Structures are given as structure tokens and as C-alpha cells.
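Heads up: the structure comes next, in C-alpha cells.
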Amino acid sequence: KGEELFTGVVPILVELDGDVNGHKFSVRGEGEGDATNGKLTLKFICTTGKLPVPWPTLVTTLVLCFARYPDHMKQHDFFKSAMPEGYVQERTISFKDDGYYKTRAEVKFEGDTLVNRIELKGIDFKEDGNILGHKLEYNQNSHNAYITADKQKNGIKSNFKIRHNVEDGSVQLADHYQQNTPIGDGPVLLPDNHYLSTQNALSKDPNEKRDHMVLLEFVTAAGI
């Protein structure tokens, strides 16, 4: 079973290649996951210098296999069942009254490390907007994302809204549409309807003057 690969603490690498309205950028990230506690600890750097979008808008793009599924729901953990082959995760994130991201990522094992390699394409962002205008508070609220299965594709799908805080007190909706597909041909467990609960703490490393985001995350499954 793929779960046994998440017994202890396993290392994580995240490589994102992005292009937003013609502004290209890379982001590298490193840390560790502890599935039995549903915990993520990670440092992220913009290796290409300054980041043309706010850090919160990438949190969802930058490894659901590290969610804690309670014992009474362990038969519904698709993300771990697809390991070590992995899965494809694709998204369109539609920021309300602004542009959108399209992302494609594969999440697999490369040796001992769980890795997330992402291509991201942003287009149609406004000039005076929250995104390119960098008007988002540097934090991330807690969200629930309702997971459901797609029988035809042999994976899961998910539709949820993220709510970013904008500096003047209003809220920037970011509509997520998600599909997940297994890479390998081994069997995978497909779940009954349930949600993932997510909590986030965004912060800065004081010995790091590069563009960066220290991220602490707790993801637990509930709903059955």
C-alpha cells in the first residue's frame, strides 16, 4: 500500500515554473511532510529574484498526499494510494474580476523524496489589479475543499473557493477547479464524498533576504 511510504517524516521538493502575462519566474521549495500528523513545513524561494504575483496566490499550487486521514476514513485516501507512481494535478484558478492560472503538476516519488514539479500559466491579469498590483495581505485563511470521485478518469475532482485578504479590508475570490489522475497503472482507492480541512501560517525567515515564504500547513480529512 502507498500509505506505508508516509509512516514517518519524508522530504519534499517543489519546483514551479511560471509565466504570468509574460513575466516568467521560478520557485524552489524544500521541507518535510508528516502524514500521520497532517503537517507540512517548507521554505520557498523565488530563484529568479522578485516574484510578480503575491505569495498567497501560489499556496494552493505549491501535495495532498500529506493530509491526515482518520482511521475511520483510511479507505478514501486516493492521494496516498497512487504512490509511489504518483498523480497528475491540474487546476484552473479563476481570480474574480481578474485573470487566471492554469497549472499542471505531477506528484511522485523520486527516490526517497516526495516531489511536486509544476508548470503554471497566468494570463489576462489586469494592470491595476490585486494580483499584479501586489495588493494582497501576506496570509492565508483556513478552507475546506470538498473532494469527490470521477469514475471515468479513475481519479478525483474538487471545486472550491480561496479567499485572499486585500489590504483595504475586502476579499479577492480565487475560484479553483481541480482534477487528479493517477500516473501509474496499479489500483487506487477512490473515495466517498468528503472534505479536506486546511490551515496555514505564512511567515518569513529572518536570515533570508531573498523573496521567500516559510509555510506551515495542517491538512486533515473529515466529513464522513
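Residue names in the C-alpha cells use chain letters A, B, ... in the order shown, residue numbers from 1 in each chain, and ligand numbers from 1 in the order shown.
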
So that each row is one residue of range 59-166 of chain A with an atom at most 10 Å from range 9-26 of chain A, can you give its shortest atom pair and the distance in Å to one decimal, using only C-alpha atoms, rows by chain and rising number, as CSV?
```
residue,atom,partner,partner_atom,distance
A:61,CA,A:16,CA,8.6
A:62,CA,A:14,CA,6.7
A:63,CA,A:12,CA,8.9
A:66,CA,A:10,CA,9.6
A:99,CA,A:21,CA,9.2
A:100,CA,A:20,CA,9.0
A:101,CA,A:20,CA,8.0
A:102,CA,A:18,CA,9.9
A:103,CA,A:18,CA,9.0
A:104,CA,A:16,CA,9.9
A:105,CA,A:16,CA,8.7
A:107,CA,A:14,CA,9.3
A:109,CA,A:12,CA,9.4
A:110,CA,A:13,CA,9.6
A:112,CA,A:10,CA,7.2
A:113,CA,A:11,CA,5.0
A:114,CA,A:12,CA,4.9
A:115,CA,A:13,CA,4.8
A:116,CA,A:14,CA,4.8
A:117,CA,A:15,CA,4.7
A:118,CA,A:16,CA,4.5
A:119,CA,A:17,CA,5.0
A:120,CA,A:18,CA,4.6
A:121,CA,A:19,CA,5.0
A:122,CA,A:20,CA,4.1
A:123,CA,A:21,CA,4.9
A:124,CA,A:21,CA,6.6
A:125,CA,A:21,CA,6.7
A:126,CA,A:21,CA,9.3
A:127,CA,A:21,CA,9.9
A:132,CA,A:20,CA,9.0
```

From the DSSP assignment of the backbone, select every residue of range 59-170 of chain A that is strand (DSSP E or B), and format the answer as a PyMOL selection string. chain A and resi 68+87-95+100-110+113-123+136+143-150+155-166

So which one's closest to residue 183 in chain A, A:134, A:80, A:108, A:68? Using only C-alpha atoms, please. A:108

Residues within 7 Å of range 188-198 of chain A, only C-alpha atoms, excluding chain neighbours under 2 positions, as a list in words: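 In the requested format, the answer is residues 75, 76, 77, 78, 81, 82, 142, 143, 144, 145, 146, 147, 148, 149, 155, 186, 200, 218, 219, 220, 221, 222, 223 and 224 of chain A.
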
Let me make sure I understand: among A:159, A:180, A:152, A:207, which one has the smallest atom-to-atom distance to residue 65 in chain A if we use only C-alpha atoms?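 Among the listed residues, the smallest separation from residue 65 in chain A belongs to A:180.
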
Point out the residue among A:50, A:39, A:28, A:153 with the least atom-to-atom distance to residue 211 in chain A, counting only C-alpha atoms.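 Closest candidate: A:50.
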
Tell me which protein, DNA and RNA residues are within 12 Å of residue 216 in chain A, counting only C-alpha atoms, leaving out same-chain ones fewer than 2 positions away, and put them as a list in words.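 Result of the neighbour search: residues 31, 32, 33, 34, 38, 39, 40, 41, 42, 43, 44, 59, 139, 140, 198, 199, 200, 201, 202, 203, 204, 213, 214, 218 and 219 of chain A.
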
Mind writing the picked residues with C-alpha atoms as a tab-separated table (two decimals), in the first residue's frame?
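Okay, part.tsv is ready:
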```tsv
chain	number	residue	atom	x	y	z
A	31	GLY	CA	10.97	20.83	3.70
A	32	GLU	CA	9.27	17.77	5.13
A	33	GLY	CA	5.87	16.17	5.48
A	34	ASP	CA	4.44	14.12	8.35
A	38	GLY	CA	-1.00	16.03	8.62
A	39	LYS	CA	1.86	18.54	8.90
A	40	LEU	CA	3.85	20.50	6.29
A	41	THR	CA	6.94	22.64	6.97
A	42	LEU	CA	8.51	24.30	3.95
A	43	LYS	CA	10.71	27.15	2.81
A	44	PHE	CA	10.04	28.61	-0.68
A	59	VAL	CA	-0.04	28.47	-1.81
A	139	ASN	CA	-1.51	35.44	4.91
A	140	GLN	CA	-3.84	32.56	4.06
A	198	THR	CA	-6.66	23.22	5.60
A	199	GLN	CA	-4.90	25.63	7.92
A	200	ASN	CA	-1.96	27.87	7.05
A	201	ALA	CA	0.66	30.03	8.74
A	202	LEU	CA	2.74	32.19	6.37
A	203	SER	CA	5.92	33.78	7.67
A	204	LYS	CA	9.44	34.97	6.84
A	213	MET	CA	7.74	32.25	2.04
A	214	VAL	CA	8.05	30.00	5.09
A	218	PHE	CA	-2.08	21.31	8.62
A	219	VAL	CA	-4.43	19.28	6.44
```

With only C-alpha atoms as the basis for distance, which of A:5, A:136, A:46, A:53 is at the shortest distance from residue 166 in chain A?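 Distance minimum relative to residue 166 in chain A lands on A:136.
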
Fewer than 5 positions away in the same chain doesn't count, so skip those; otherwise give me all residues within 10 Å of residue 60 in chain A, counting only C-alpha atoms, as an mmCIF file with N, CA and C atoms, in the first residue's frame.
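Wrote selection-v8.cif, looks like this:
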```
data_model
loop_
_atom_site.group_PDB
_atom_site.id
_atom_site.type_symbol
_atom_site.label_atom_id
_atom_site.label_comp_id
_atom_site.auth_asym_id
_atom_site.auth_seq_id
_atom_site.Cartn_x
_atom_site.Cartn_y
_atom_site.Cartn_z
ATOM 1 N N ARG A 91 -5.230 22.377 -12.542
ATOM 2 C CA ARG A 91 -6.105 23.392 -11.973
ATOM 3 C C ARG A 91 -6.320 24.541 -12.945
ATOM 4 N N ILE A 93 -7.401 28.284 -11.800
ATOM 5 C CA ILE A 93 -7.713 29.184 -10.704
ATOM 6 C C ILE A 93 -8.177 30.489 -11.328
ATOM 7 N N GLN A 140 -2.947 33.506 4.716
ATOM 8 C CA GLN A 140 -3.841 32.558 4.064
ATOM 9 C C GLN A 140 -4.839 32.071 5.102
ATOM 10 N N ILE A 162 -10.956 29.941 -2.713
ATOM 11 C CA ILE A 162 -9.985 30.519 -1.792
ATOM 12 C C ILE A 162 -10.293 32.001 -1.653
ATOM 13 N N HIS A 176 -11.205 27.793 -7.666
ATOM 14 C CA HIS A 176 -10.381 26.649 -8.029
ATOM 15 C C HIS A 176 -11.234 25.564 -8.661
#
```

CA of residue 167 in chain A to CA of residue 137 in chain A, distance in Å rounded to a single decimal: 5.5 Å

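DSSP annotation of range 76-113 of chain A from backbone atoms: helix (DSSP H, G or I) residues are residues 76, 78, 79, 80 and 81 of chain A.
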
With distances taken over only C-alpha atoms, which residue among A:160, A:138, A:6, A:177 lies nearest residue 212 in chain A?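 When distances to residue 212 in chain A are compared using only C-alpha atoms, the smallest one comes from A:138.
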